[PDB]
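A.B. asks: Please find start-v7.txt (compact mmCIF, C-alpha atoms) on the next line:
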```txt
# COMPACT_ATOMS: atom_id res chain seq x y z
CA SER A 1 0.99 -31.92 -21.57
CA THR A 2 3.44 -29.55 -19.93
CA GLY A 3 4.08 -25.84 -19.69
CA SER A 4 7.15 -23.75 -18.86
CA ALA A 5 7.23 -19.98 -18.33
CA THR A 6 9.87 -17.56 -17.17
CA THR A 7 9.05 -15.46 -14.11
CA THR A 8 10.77 -12.09 -13.71
CA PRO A 9 11.26 -9.84 -10.65
CA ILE A 10 9.22 -6.65 -10.87
CA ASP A 11 12.00 -4.52 -9.36
CA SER A 12 15.57 -4.60 -8.07
CA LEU A 13 14.50 -5.98 -4.67
CA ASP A 14 12.54 -9.02 -5.90
CA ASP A 15 9.40 -7.59 -4.31
CA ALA A 16 7.32 -9.89 -6.52
CA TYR A 17 7.63 -11.87 -9.73
CA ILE A 18 5.54 -11.59 -12.89
CA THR A 19 4.88 -14.30 -15.45
CA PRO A 20 3.29 -13.72 -18.87
CA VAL A 21 -0.12 -15.35 -19.35
CA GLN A 22 -2.10 -15.53 -22.59
CA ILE A 23 -5.84 -14.92 -22.14
CA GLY A 24 -8.48 -15.10 -24.84
CA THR A 25 -8.59 -15.33 -28.61
CA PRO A 26 -6.62 -13.68 -30.10
CA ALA A 27 -4.32 -13.86 -27.10
CA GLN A 28 -4.11 -10.92 -24.73
CA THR A 29 -0.87 -11.27 -22.78
CA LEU A 30 -0.98 -10.03 -19.18
CA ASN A 31 1.84 -10.25 -16.63
CA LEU A 32 0.41 -11.99 -13.57
CA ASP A 33 1.74 -12.60 -10.08
CA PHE A 34 1.63 -16.37 -9.54
CA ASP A 35 0.48 -16.79 -5.95
CA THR A 36 0.61 -20.17 -4.19
CA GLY A 37 -1.12 -18.46 -1.25
CA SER A 38 -4.43 -17.71 -3.00
CA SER A 39 -6.81 -19.33 -5.46
CA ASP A 40 -8.28 -16.62 -7.73
CA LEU A 41 -7.08 -15.76 -11.22
CA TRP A 42 -8.05 -12.10 -11.50
CA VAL A 43 -7.03 -9.38 -13.92
CA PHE A 44 -7.17 -5.69 -14.53
CA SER A 45 -9.75 -5.28 -17.26
CA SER A 46 -11.80 -2.99 -19.44
CA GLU A 47 -14.30 -3.12 -16.53
CA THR A 48 -11.87 -1.79 -13.91
CA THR A 49 -12.81 1.66 -12.58
CA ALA A 50 -10.78 3.97 -14.80
CA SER A 51 -9.25 5.99 -11.94
CA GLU A 52 -7.91 2.72 -10.46
CA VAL A 53 -5.91 1.78 -13.58
CA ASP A 54 -2.45 3.36 -13.86
CA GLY A 55 -0.25 1.67 -16.46
CA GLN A 56 -1.41 -1.95 -16.15
CA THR A 57 -2.26 -3.99 -19.20
CA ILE A 58 -5.96 -4.82 -19.21
CA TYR A 59 -8.00 -7.80 -20.37
CA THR A 60 -10.88 -6.77 -22.65
CA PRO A 61 -13.31 -9.72 -22.82
CA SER A 62 -15.35 -8.12 -25.62
CA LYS A 63 -12.28 -8.51 -27.88
CA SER A 64 -11.93 -12.24 -27.15
CA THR A 65 -14.01 -14.55 -29.32
CA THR A 66 -13.76 -17.29 -26.68
CA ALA A 67 -14.80 -15.17 -23.66
CA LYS A 68 -18.17 -15.92 -22.08
CA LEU A 69 -19.71 -14.08 -19.14
CA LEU A 70 -20.19 -16.49 -16.23
CA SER A 71 -23.71 -15.35 -15.51
CA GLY A 72 -24.36 -14.17 -11.97
CA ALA A 73 -20.85 -14.85 -10.72
CA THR A 74 -18.99 -12.30 -8.63
CA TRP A 75 -15.78 -12.39 -6.64
CA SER A 76 -14.17 -10.38 -3.86
CA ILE A 77 -10.85 -11.05 -2.18
CA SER A 78 -8.81 -9.53 0.63
CA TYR A 79 -5.14 -10.36 1.04
CA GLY A 80 -2.91 -10.51 4.09
CA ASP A 81 -1.47 -7.04 3.50
CA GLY A 82 -4.96 -5.51 3.54
CA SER A 83 -5.19 -5.09 -0.23
CA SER A 84 -8.31 -6.19 -2.07
CA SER A 85 -10.10 -6.46 -5.39
CA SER A 86 -13.50 -7.55 -6.68
CA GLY A 87 -15.58 -7.89 -9.82
CA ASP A 88 -17.38 -10.28 -12.15
CA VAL A 89 -16.27 -13.40 -14.01
CA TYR A 90 -15.71 -14.65 -17.54
CA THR A 91 -14.60 -18.02 -18.77
CA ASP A 92 -11.92 -17.97 -21.44
CA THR A 93 -8.90 -19.81 -22.78
CA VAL A 94 -5.79 -19.30 -20.66
CA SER A 95 -2.29 -20.45 -21.58
CA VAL A 96 0.88 -20.41 -19.50
CA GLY A 97 4.17 -21.33 -21.10
CA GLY A 98 2.50 -23.41 -23.80
CA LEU A 99 -0.01 -25.17 -21.49
CA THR A 100 -3.61 -24.31 -22.40
CA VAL A 101 -6.78 -24.54 -20.30
CA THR A 102 -10.14 -23.90 -21.92
CA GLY A 103 -13.02 -22.63 -19.82
CA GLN A 104 -10.80 -21.10 -17.14
CA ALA A 105 -12.52 -18.66 -14.81
CA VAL A 106 -10.96 -15.25 -15.43
CA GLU A 107 -12.07 -12.88 -12.70
CA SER A 108 -12.38 -9.38 -14.12
CA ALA A 109 -11.74 -6.59 -11.64
CA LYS A 110 -14.27 -3.82 -11.33
CA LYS A 111 -12.46 -2.44 -8.25
CA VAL A 112 -8.91 -2.78 -6.96
CA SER A 113 -7.35 -1.26 -3.85
CA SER A 114 -4.73 1.46 -4.03
CA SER A 115 -1.71 -0.84 -3.69
CA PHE A 116 -2.70 -2.60 -6.93
CA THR A 117 -3.33 0.67 -8.78
CA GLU A 118 0.05 1.99 -7.62
CA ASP A 119 1.94 -1.05 -8.98
CA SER A 120 1.96 -0.73 -12.74
CA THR A 121 3.97 -3.93 -13.23
CA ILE A 122 1.34 -6.41 -11.99
CA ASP A 123 -1.69 -6.95 -14.24
CA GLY A 124 -3.40 -9.40 -11.86
CA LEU A 125 -2.85 -12.59 -9.88
CA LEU A 126 -2.90 -16.27 -10.80
CA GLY A 127 -3.74 -18.28 -7.70
CA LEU A 128 -2.09 -21.65 -7.15
CA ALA A 129 -3.36 -22.59 -3.68
CA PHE A 130 -6.22 -25.08 -3.33
CA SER A 131 -9.49 -24.35 -5.09
CA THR A 132 -11.38 -24.44 -1.77
CA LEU A 133 -10.10 -20.86 -1.25
CA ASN A 134 -11.50 -19.52 -4.53
CA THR A 135 -13.83 -16.59 -3.83
CA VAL A 136 -16.23 -16.81 -6.79
CA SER A 137 -19.87 -16.86 -5.72
CA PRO A 138 -22.33 -18.53 -5.96
CA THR A 139 -20.35 -21.24 -7.80
CA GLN A 140 -16.76 -21.60 -6.65
CA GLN A 141 -14.27 -21.93 -9.50
CA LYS A 142 -11.13 -24.01 -10.01
CA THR A 143 -7.58 -22.72 -10.25
CA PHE A 144 -5.58 -22.92 -13.46
CA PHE A 145 -3.56 -25.80 -11.99
CA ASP A 146 -6.69 -27.69 -10.90
CA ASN A 147 -8.15 -27.34 -14.40
CA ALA A 148 -4.89 -28.39 -16.08
CA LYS A 149 -4.01 -31.23 -13.71
CA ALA A 150 -5.68 -34.15 -15.47
CA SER A 151 -3.98 -33.24 -18.76
CA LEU A 152 -0.50 -32.81 -17.30
CA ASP A 153 2.13 -35.51 -17.67
CA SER A 154 2.44 -35.45 -13.86
CA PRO A 155 0.11 -33.53 -11.48
CA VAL A 156 2.77 -31.09 -10.31
CA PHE A 157 4.10 -27.61 -10.78
CA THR A 158 7.47 -26.25 -9.73
CA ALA A 159 8.66 -22.82 -8.61
CA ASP A 160 12.27 -21.86 -9.30
CA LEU A 161 12.48 -18.20 -8.32
CA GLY A 162 15.64 -16.25 -9.01
CA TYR A 163 17.62 -13.99 -6.72
CA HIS A 164 17.77 -10.64 -8.50
CA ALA A 165 17.22 -12.60 -11.71
CA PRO A 166 14.50 -14.40 -13.67
CA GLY A 167 13.36 -17.90 -12.80
CA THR A 168 10.87 -20.49 -13.99
CA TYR A 169 7.43 -21.94 -13.31
CA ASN A 170 7.00 -25.40 -14.83
CA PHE A 171 3.76 -27.36 -15.05
CA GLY A 172 3.54 -31.12 -15.44
CA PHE A 173 7.20 -32.12 -15.10
CA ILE A 174 10.21 -31.85 -12.81
CA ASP A 175 13.31 -30.44 -14.56
CA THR A 176 16.06 -32.59 -13.08
CA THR A 177 18.71 -30.17 -14.40
CA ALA A 178 17.32 -27.26 -12.35
CA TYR A 179 18.53 -28.32 -8.89
CA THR A 180 21.47 -29.95 -7.11
CA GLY A 181 21.36 -33.05 -4.96
CA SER A 182 17.98 -34.62 -4.25
CA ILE A 183 14.49 -33.27 -3.65
CA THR A 184 13.22 -33.86 -0.12
CA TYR A 185 9.46 -34.23 0.07
CA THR A 186 7.40 -33.30 3.11
CA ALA A 187 3.76 -33.65 4.09
CA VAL A 188 1.13 -31.01 3.31
CA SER A 189 -2.06 -30.15 5.15
CA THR A 190 -4.77 -28.75 2.88
CA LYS A 191 -7.13 -28.07 5.80
CA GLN A 192 -6.78 -24.28 5.47
CA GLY A 193 -6.54 -24.32 1.67
CA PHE A 194 -2.80 -23.59 1.59
CA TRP A 195 0.38 -25.50 0.81
CA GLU A 196 0.90 -25.86 4.55
CA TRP A 197 3.85 -27.89 5.84
CA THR A 198 6.10 -28.22 8.89
CA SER A 199 9.75 -27.23 8.77
CA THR A 200 12.01 -29.24 11.07
CA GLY A 201 14.02 -26.28 12.40
CA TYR A 202 16.52 -23.58 11.64
CA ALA A 203 20.05 -22.28 12.00
CA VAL A 204 21.44 -18.75 11.98
CA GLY A 205 24.67 -18.31 10.04
CA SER A 206 27.21 -20.96 11.00
CA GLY A 207 25.39 -21.68 14.27
CA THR A 208 24.03 -25.00 15.40
CA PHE A 209 20.76 -26.26 13.97
CA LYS A 210 17.79 -25.95 16.31
CA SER A 211 15.36 -28.83 15.84
CA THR A 212 11.85 -27.43 16.26
CA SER A 213 8.62 -27.80 14.32
CA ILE A 214 7.58 -24.66 12.41
CA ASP A 215 4.22 -24.93 10.67
CA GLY A 216 3.86 -22.53 7.77
CA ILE A 217 2.76 -22.03 4.19
CA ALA A 218 4.75 -22.01 0.95
CA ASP A 219 3.60 -18.68 -0.52
CA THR A 220 5.10 -17.34 -3.74
CA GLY A 221 2.85 -14.28 -3.46
CA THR A 222 4.49 -13.05 -0.22
CA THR A 223 7.83 -11.25 -0.52
CA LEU A 224 9.37 -12.00 2.88
CA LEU A 225 9.94 -14.86 5.33
CA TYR A 226 7.63 -14.57 8.36
CA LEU A 227 8.54 -16.78 11.32
CA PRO A 228 7.88 -16.96 15.06
CA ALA A 229 9.21 -14.06 17.11
CA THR A 230 11.70 -16.30 18.94
CA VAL A 231 13.31 -17.41 15.67
CA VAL A 232 13.35 -13.91 14.20
CA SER A 233 14.91 -12.42 17.34
CA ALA A 234 17.62 -15.09 17.27
CA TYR A 235 18.43 -14.17 13.67
CA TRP A 236 18.60 -10.39 14.12
CA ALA A 237 20.59 -10.70 17.35
CA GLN A 238 23.50 -11.73 15.10
CA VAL A 239 23.39 -8.40 13.21
CA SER A 240 24.98 -5.52 15.10
CA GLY A 241 22.60 -2.61 15.39
CA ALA A 242 19.53 -4.47 14.14
CA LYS A 243 16.31 -3.77 15.99
CA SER A 244 12.56 -4.04 15.64
CA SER A 245 11.09 -0.66 14.75
CA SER A 246 7.42 -0.18 15.54
CA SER A 247 7.34 2.95 13.38
CA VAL A 248 8.83 1.24 10.33
CA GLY A 249 6.88 -1.99 10.87
CA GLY A 250 9.54 -4.61 11.48
CA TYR A 251 13.20 -5.36 11.91
CA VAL A 252 15.63 -2.91 10.38
CA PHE A 253 19.39 -3.07 10.31
CA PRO A 254 22.32 -0.82 9.37
CA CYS A 255 22.82 -0.86 5.63
CA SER A 256 26.56 -1.25 6.34
CA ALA A 257 25.99 -4.68 7.89
CA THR A 258 26.88 -8.02 6.33
CA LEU A 259 23.94 -10.34 7.00
CA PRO A 260 24.32 -13.98 8.10
CA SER A 261 22.63 -16.79 6.23
CA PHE A 262 19.49 -18.47 7.53
CA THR A 263 18.93 -22.22 7.20
CA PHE A 264 15.57 -23.95 7.39
CA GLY A 265 14.93 -27.68 7.68
CA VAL A 266 12.91 -29.83 5.30
CA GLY A 267 12.88 -33.24 6.93
CA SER A 268 16.55 -34.12 7.39
CA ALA A 269 17.54 -31.77 4.55
CA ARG A 270 18.59 -28.14 4.88
CA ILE A 271 17.93 -25.12 2.65
CA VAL A 272 20.36 -22.23 3.10
CA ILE A 273 19.16 -18.68 2.45
CA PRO A 274 22.27 -16.53 1.81
CA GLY A 275 22.49 -13.37 3.88
CA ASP A 276 22.22 -11.14 0.82
CA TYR A 277 18.73 -12.54 0.13
CA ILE A 278 17.61 -11.02 3.47
CA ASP A 279 18.51 -7.43 2.51
CA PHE A 280 15.53 -5.40 1.29
CA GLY A 281 17.39 -2.13 1.08
CA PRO A 282 16.86 1.33 2.53
CA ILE A 283 13.59 1.93 4.33
CA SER A 284 13.26 5.18 2.32
CA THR A 285 15.42 6.58 -0.45
CA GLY A 286 18.82 7.62 0.90
CA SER A 287 18.35 6.09 4.35
CA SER A 288 21.13 4.09 5.97
CA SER A 289 18.53 1.93 7.74
CA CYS A 290 17.68 -1.17 5.72
CA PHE A 291 14.60 -3.38 5.92
CA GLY A 292 15.02 -7.02 6.88
CA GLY A 293 13.77 -9.95 4.85
CA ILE A 294 13.01 -12.12 7.89
CA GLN A 295 10.17 -10.71 9.99
CA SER A 296 7.92 -11.87 12.81
CA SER A 297 4.69 -13.67 11.99
CA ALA A 298 3.28 -12.88 15.44
CA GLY A 299 0.64 -10.51 14.05
CA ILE A 300 -0.35 -12.76 11.12
CA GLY A 301 -1.57 -16.01 12.68
CA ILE A 302 0.53 -18.23 10.40
CA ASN A 303 4.17 -18.54 9.44
CA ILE A 304 4.88 -17.75 5.80
CA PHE A 305 7.71 -19.17 3.70
CA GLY A 306 7.58 -16.38 1.14
CA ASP A 307 9.90 -15.54 -1.72
CA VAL A 308 12.95 -14.95 0.53
CA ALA A 309 12.84 -18.64 1.49
CA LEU A 310 11.46 -20.14 -1.71
CA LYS A 311 14.00 -18.45 -4.01
CA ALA A 312 16.77 -20.35 -2.20
CA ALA A 313 15.23 -23.63 -3.38
CA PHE A 314 13.74 -25.55 -6.26
CA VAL A 315 10.22 -26.17 -4.96
CA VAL A 316 7.84 -28.92 -6.11
CA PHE A 317 4.12 -28.42 -5.54
CA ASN A 318 2.90 -32.00 -5.88
CA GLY A 319 -0.85 -32.01 -6.50
CA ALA A 320 -1.34 -35.75 -6.39
CA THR A 321 -4.36 -37.12 -4.52
CA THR A 322 -2.39 -36.63 -1.31
CA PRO A 323 -0.42 -33.43 -1.99
CA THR A 324 3.18 -32.99 -0.85
CA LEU A 325 5.89 -30.34 -1.17
CA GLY A 326 9.43 -30.96 -2.33
CA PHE A 327 12.51 -28.82 -1.74
CA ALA A 328 15.95 -29.06 -3.32
CA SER A 329 18.99 -26.84 -3.16
CA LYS A 330 20.08 -25.28 -6.44
```
In structure tokens, how does this file's structure come out?

C.D. replies:
Amino acid sequence: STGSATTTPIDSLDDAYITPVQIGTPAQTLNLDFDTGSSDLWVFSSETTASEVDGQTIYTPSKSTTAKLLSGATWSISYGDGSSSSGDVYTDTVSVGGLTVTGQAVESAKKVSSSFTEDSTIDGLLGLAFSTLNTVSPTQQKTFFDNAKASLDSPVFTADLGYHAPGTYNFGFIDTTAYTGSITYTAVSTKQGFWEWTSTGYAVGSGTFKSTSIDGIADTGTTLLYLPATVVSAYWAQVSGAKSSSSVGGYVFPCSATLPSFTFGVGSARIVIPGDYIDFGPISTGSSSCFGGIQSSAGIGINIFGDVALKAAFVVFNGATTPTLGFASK
């Protein structure tokens, strides 16, 4: 089997991408944020505290003839930005782009933190990291990909995120028309539960490539590119007037600037992020200070190849017995 679904930016900045997901019988379609940095499929629901729902579409398990309470199971998750959610668990039929999993754990939110309530465009998350990170207790549950894997034509999914435009998540096949050149594959460590890999270096604009190992995670659920402070300083030094602002929370730059590209290495291959992908617009409405799309990871504990990086590539998440990642230009 295979599946193929379009993923759409939630706003004009590509802050996140939403993909329609069919849950239950008859189908209830929710727009979920596919997140290769976490491993829970959770949704706004008829159980979510009413004051914490503001425009999201909800899953109502009582209206699904295939929903079953997973007795005793609860979940609770905290994300890197300090947001969180928690609740109980149903199993139900879940389909993405024509690919159907029966008995998928659908984590129903009883509580969500304010950042989720305040974003009416995201109805929940669909985790695509390794199932060892799933938070369901006392019986950990598998991700949608883990459940689908054995049925797929090939045990892979691909992320093809658009710049200010829709893109595609495919399951079970590699669309050879969706990228240019060849796909370069690189080793993955699953020891922390992430799609963790080592970039071979970087370049700023037309500058020389610096060969240096940068360990980080491929994370479709993170907007920006978070890299070591040395790398980030080298990038922003090429933008006149750019500076790190403690009050704003990162590097800002004059909105009048033209940004240089940023290249990252994948083995001997190179992925080029155009400068425009690094512009996240005014820090507040009407400001002439703009927020940068490359930021320091120093306060995180891990480097994160978020959407800024991934949207410059066609990315293969190869879930074979020994997982690997593939990157191609497009």

A.B. asks: Counting only C-alpha atoms, which residue out of A:69, A:136, A:178, A:112 sits closest to residue A:41?

C.D. replies: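 Closest residue, counting only C-alpha atoms: A:136.
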
A.B. asks: Quick one: residues within 9 Å of residue A:97, all atoms listed in the file counted, chain neighbours fewer than 3 positions away excluded, as an mmCIF file with C-alpha atoms, in the frame of the given file?

C.D. replies:
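Result saved to part-v8.cif:
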```cif
data_model
loop_
_atom_site.group_PDB
_atom_site.id
_atom_site.type_symbol
_atom_site.label_atom_id
_atom_site.label_comp_id
_atom_site.auth_asym_id
_atom_site.auth_seq_id
_atom_site.Cartn_x
_atom_site.Cartn_y
_atom_site.Cartn_z
ATOM 1 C CA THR A 2 3.440 -29.550 -19.930
ATOM 2 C CA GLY A 3 4.080 -25.840 -19.690
ATOM 3 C CA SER A 4 7.150 -23.750 -18.860
ATOM 4 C CA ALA A 5 7.230 -19.980 -18.330
ATOM 5 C CA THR A 6 9.870 -17.560 -17.170
ATOM 6 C CA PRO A 20 3.290 -13.720 -18.870
ATOM 7 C CA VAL A 21 -0.120 -15.350 -19.350
ATOM 8 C CA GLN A 22 -2.100 -15.530 -22.590
ATOM 9 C CA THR A 100 -3.610 -24.310 -22.400
ATOM 10 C CA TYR A 169 7.430 -21.940 -13.310
ATOM 11 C CA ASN A 170 7.000 -25.400 -14.830
ATOM 12 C CA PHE A 171 3.760 -27.360 -15.050
#
```

A.B. asks: I'd like the contact shell of residue A:75 - 12 Å cut-off, only C-alpha atoms, skipping same-chain residues fewer than 4 positions apart - returned as a PyMOL selection string.

C.D. replies: chain A and resi 39-43+70+84-90+105-112+133-141

A.B. asks: Using all atoms listed in the file, find the one residue out of A:149, A:164, A:191, A:330 that sits nearest to residue A:99.

C.D. replies: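 Closest to residue A:99 of all the choices is A:149.
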
A.B. asks: Which residue out of A:220, A:154, A:60, A:189 has the minimum interatomic distance to residue A:46 when all atoms listed in the file are used?

C.D. replies: A:60

A.B. asks: Would you compute the distance between atom CA of residue A:114 and atom CA of residue A:49? Give it in Å to one decimal.

C.D. replies: 11.8 Å

A.B. asks: Would you please work out which residue, of A:298, A:120, A:23, A:325, is nearest to residue A:230 when using only C-alpha atoms?

C.D. replies: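 Closest to residue A:230, using only C-alpha atoms: A:298.
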
A.B. asks: From the options A:245, A:316, A:266, A:232, which residue's atoms come nearest to residue A:291, counting all atoms listed in the file?

C.D. replies: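 Counting all atoms listed in the file, the residue closest to residue A:291 is A:245.
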
A.B. asks: Give me, please, the distance in Å between atom CA of residue A:151 and atom CA of residue A:222, quoted to one decimal.

C.D. replies: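 Spanning atom CA of residue A:151 to atom CA of residue A:222 is a straight-line distance of 28.7 Å.
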
A.B. asks: Applying 12 Å and all atoms listed in the file, which residues near residue A:223 remain after dropping the ones on its own chain fewer than 2 positions away? List them as JSON, numbers by chain.

C.D. replies: {"A": [9, 10, 11, 13, 14, 15, 16, 17, 33, 35, 37, 80, 81, 161, 163, 218, 219, 220, 221, 225, 226, 277, 278, 279, 280, 292, 293, 294, 295, 304, 305, 306, 307, 308, 309, 310, 311]}

A.B. asks: Write a file of the selected residues as a CSV table (one decimal), in the coordinates of the input, keeping C-alpha atoms.

C.D. replies:
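The resulting file, again-v6.csv, is shown below:
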```
chain,number,residue,atom,x,y,z
A,9,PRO,CA,11.3,-9.8,-10.6
A,10,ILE,CA,9.2,-6.6,-10.9
A,11,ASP,CA,12.0,-4.5,-9.4
A,13,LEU,CA,14.5,-6.0,-4.7
A,14,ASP,CA,12.5,-9.0,-5.9
A,15,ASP,CA,9.4,-7.6,-4.3
A,16,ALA,CA,7.3,-9.9,-6.5
A,17,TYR,CA,7.6,-11.9,-9.7
A,33,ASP,CA,1.7,-12.6,-10.1
A,35,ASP,CA,0.5,-16.8,-6.0
A,37,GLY,CA,-1.1,-18.5,-1.2
A,80,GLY,CA,-2.9,-10.5,4.1
A,81,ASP,CA,-1.5,-7.0,3.5
A,161,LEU,CA,12.5,-18.2,-8.3
A,163,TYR,CA,17.6,-14.0,-6.7
A,218,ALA,CA,4.8,-22.0,1.0
A,219,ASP,CA,3.6,-18.7,-0.5
A,220,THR,CA,5.1,-17.3,-3.7
A,221,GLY,CA,2.8,-14.3,-3.5
A,225,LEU,CA,9.9,-14.9,5.3
A,226,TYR,CA,7.6,-14.6,8.4
A,277,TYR,CA,18.7,-12.5,0.1
A,278,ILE,CA,17.6,-11.0,3.5
A,279,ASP,CA,18.5,-7.4,2.5
A,280,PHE,CA,15.5,-5.4,1.3
A,292,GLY,CA,15.0,-7.0,6.9
A,293,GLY,CA,13.8,-10.0,4.8
A,294,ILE,CA,13.0,-12.1,7.9
A,295,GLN,CA,10.2,-10.7,10.0
A,304,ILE,CA,4.9,-17.8,5.8
A,305,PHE,CA,7.7,-19.2,3.7
A,306,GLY,CA,7.6,-16.4,1.1
A,307,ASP,CA,9.9,-15.5,-1.7
A,308,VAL,CA,13.0,-15.0,0.5
A,309,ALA,CA,12.8,-18.6,1.5
A,310,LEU,CA,11.5,-20.1,-1.7
A,311,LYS,CA,14.0,-18.4,-4.0
```

A.B. asks: Which is closer to residue A:198 than all the others in A:267, A:323, A:301, A:166, using all atoms listed in the file?

C.D. replies: A:267

A.B. asks: Find the residues around residue A:192 up to 10 Å (all atoms listed in the file counted), leave out those fewer than 4 positions away in its own chain, and share them as a list in words.

C.D. replies: residues 129, 130, 132, 133, 196 and 217 of chain A

A.B. asks: May I ask for the distance between atom CA of residue A:203 and atom CA of residue A:317, given in Å to one decimal place?

C.D. replies: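 Taking atom CA of residue A:203 and atom CA of residue A:317, their separation equals 24.5 Å.
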
A.B. asks: List as number ranges by chain the protein and nucleic acid residues near residue A:57, meaning an atom at most 10 Å away when all atoms listed in the file are counted, but skip any in the same chain fewer than 6 places from it.

C.D. replies: A: 28-31, 43-46, 120-124

A.B. asks: Next, write the just-selected residues to a file, as a compact mmCIF listing (two decimals), in the frame of the given file, keeping C-alpha atoms as the atom set.

C.D. replies:
```
# COMPACT_ATOMS: atom_id res chain seq x y z
CA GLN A 28 -4.11 -10.92 -24.73
CA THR A 29 -0.87 -11.27 -22.78
CA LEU A 30 -0.98 -10.03 -19.18
CA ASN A 31 1.84 -10.25 -16.63
CA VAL A 43 -7.03 -9.38 -13.92
CA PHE A 44 -7.17 -5.69 -14.53
CA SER A 45 -9.75 -5.28 -17.26
CA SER A 46 -11.80 -2.99 -19.44
CA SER A 120 1.96 -0.73 -12.74
CA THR A 121 3.97 -3.93 -13.23
CA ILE A 122 1.34 -6.41 -11.99
CA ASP A 123 -1.69 -6.95 -14.24
CA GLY A 124 -3.40 -9.40 -11.86
```

A.B. asks: Would you list the residues near (22.5, -14.8, 10.3) (no more than 8 Å away, in the coordinates of the file, using only C-alpha atoms) as a list in words?

C.D. replies: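 With a cut-off of 8 Å, the residues come to residues 204, 205, 206, 235, 236, 238, 239, 259, 260, 261, 262 and 275 of chain A.
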
A.B. asks: Please, could N, CA and C atoms be added to stretch 189-204 of chain A and the result written as a PDB file, in the coordinates of the input?

C.D. replies:
```pdb
ATOM      1  N   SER A 189      -0.672 -30.229   4.717  1.00  0.00           N
ATOM      2  CA  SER A 189      -2.060 -30.150   5.150  1.00  0.00           C
ATOM      3  C   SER A 189      -2.800 -29.178   4.246  1.00  0.00           C
ATOM      4  N   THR A 190      -3.918 -29.625   3.678  1.00  0.00           N
ATOM      5  CA  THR A 190      -4.770 -28.750   2.880  1.00  0.00           C
ATOM      6  C   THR A 190      -5.947 -28.196   3.673  1.00  0.00           C
ATOM      7  N   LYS A 191      -5.957 -28.383   4.997  1.00  0.00           N
ATOM      8  CA  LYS A 191      -7.130 -28.070   5.800  1.00  0.00           C
ATOM      9  C   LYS A 191      -7.483 -26.584   5.775  1.00  0.00           C
ATOM     10  N   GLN A 192      -6.505 -25.706   5.575  1.00  0.00           N
ATOM     11  CA  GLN A 192      -6.780 -24.280   5.470  1.00  0.00           C
ATOM     12  C   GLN A 192      -6.719 -23.784   4.033  1.00  0.00           C
ATOM     13  N   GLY A 193      -6.568 -24.688   3.065  1.00  0.00           N
ATOM     14  CA  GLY A 193      -6.540 -24.320   1.670  1.00  0.00           C
ATOM     15  C   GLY A 193      -5.187 -23.951   1.130  1.00  0.00           C
ATOM     16  N   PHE A 194      -4.145 -24.007   1.953  1.00  0.00           N
ATOM     17  CA  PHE A 194      -2.800 -23.590   1.590  1.00  0.00           C
ATOM     18  C   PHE A 194      -1.897 -24.803   1.416  1.00  0.00           C
ATOM     19  N   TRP A 195      -0.725 -24.540   0.825  1.00  0.00           N
ATOM     20  CA  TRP A 195       0.380 -25.500   0.810  1.00  0.00           C
ATOM     21  C   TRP A 195       1.088 -25.378   2.153  1.00  0.00           C
ATOM     22  N   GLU A 196       0.470 -25.983   3.167  1.00  0.00           N
ATOM     23  CA  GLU A 196       0.900 -25.860   4.550  1.00  0.00           C
ATOM     24  C   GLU A 196       1.725 -27.071   4.939  1.00  0.00           C
ATOM     25  N   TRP A 197       2.883 -26.835   5.544  1.00  0.00           N
ATOM     26  CA  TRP A 197       3.850 -27.890   5.840  1.00  0.00           C
ATOM     27  C   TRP A 197       4.543 -27.531   7.143  1.00  0.00           C
ATOM     28  N   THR A 198       5.403 -28.423   7.619  1.00  0.00           N
ATOM     29  CA  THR A 198       6.100 -28.220   8.890  1.00  0.00           C
ATOM     30  C   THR A 198       7.595 -28.334   8.657  1.00  0.00           C
ATOM     31  N   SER A 199       8.300 -27.219   8.786  1.00  0.00           N
ATOM     32  CA  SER A 199       9.750 -27.230   8.770  1.00  0.00           C
ATOM     33  C   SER A 199      10.267 -27.875  10.054  1.00  0.00           C
ATOM     34  N   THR A 200      11.423 -28.518   9.952  1.00  0.00           N
ATOM     35  CA  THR A 200      12.010 -29.240  11.070  1.00  0.00           C
ATOM     36  C   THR A 200      12.978 -28.398  11.899  1.00  0.00           C
ATOM     37  N   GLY A 201      13.231 -27.143  11.540  1.00  0.00           N
ATOM     38  CA  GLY A 201      14.020 -26.280  12.400  1.00  0.00           C
ATOM     39  C   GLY A 201      14.805 -25.263  11.606  1.00  0.00           C
ATOM     40  N   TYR A 202      15.787 -24.659  12.273  1.00  0.00           N
ATOM     41  CA  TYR A 202      16.520 -23.580  11.640  1.00  0.00           C
ATOM     42  C   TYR A 202      17.913 -23.444  12.231  1.00  0.00           C
ATOM     43  N   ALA A 203      18.765 -22.736  11.489  1.00  0.00           N
ATOM     44  CA  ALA A 203      20.050 -22.280  12.000  1.00  0.00           C
ATOM     45  C   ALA A 203      20.270 -20.852  11.531  1.00  0.00           C
ATOM     46  N   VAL A 204      21.040 -20.113  12.319  1.00  0.00           N
ATOM     47  CA  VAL A 204      21.440 -18.750  11.980  1.00  0.00           C
ATOM     48  C   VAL A 204      22.933 -18.755  11.655  1.00  0.00           C
TER      49      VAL A 204
END
```
